[PDB]
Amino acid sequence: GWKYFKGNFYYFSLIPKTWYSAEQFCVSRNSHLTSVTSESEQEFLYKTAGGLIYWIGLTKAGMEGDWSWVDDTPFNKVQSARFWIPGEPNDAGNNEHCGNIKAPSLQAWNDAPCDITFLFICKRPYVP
C-alpha cells in the first residue's frame, strides 16, 4: 500500500503510534518518517492525508532546539517557515519536540508531544 510520488514511495499508516515507534516502524520497512522538501511534496502529503493528522519526520536536534529531519535531510529554516500552521511551532507545555501534518493547507505543520500517538507517514526512495 505504498503510494508513489516523484521518485519516492510513501506509506500512510492505518495504526497510530508515538513518533519514535512510528520511526522504528518505518526503519523496519527500510524507510524513515517523511521529510518535506518542496511545496509540491507538502501538497501531495496534505492532500493524501485527507484532513487527518500524521506524524512526519520533524523532530528537535542540538542544544538550541532546532528542527531537523530524521532522514537527515538538512532542515531549511527559511524555505520551511511557510509550512507551519500560523502560530506553530509553539512548544505548547514546553513538551512538543516532534512535528506532524495537521491542517490540509500548505501551512500544515504543528509541533506536538512526541509521546502522543497518531497515524504516520513513511518515505522510501525508489532505487532502480
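Throughout, we count residues from 1 along the sequence that is shown.
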Residue range whose averaged C-alpha B-factor is higher in the record, 55 to 63 or 90 to 98: 90 to 98
Between 101 to 109 and 116 to 124 (mean CA B-factor, as deposited), the higher: 101 to 109
Member of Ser35, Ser28, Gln42, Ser68 with the greatest C-alpha B factor (per the PDB record): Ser28
Chain-relative CA temperature factor third for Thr73: lowest
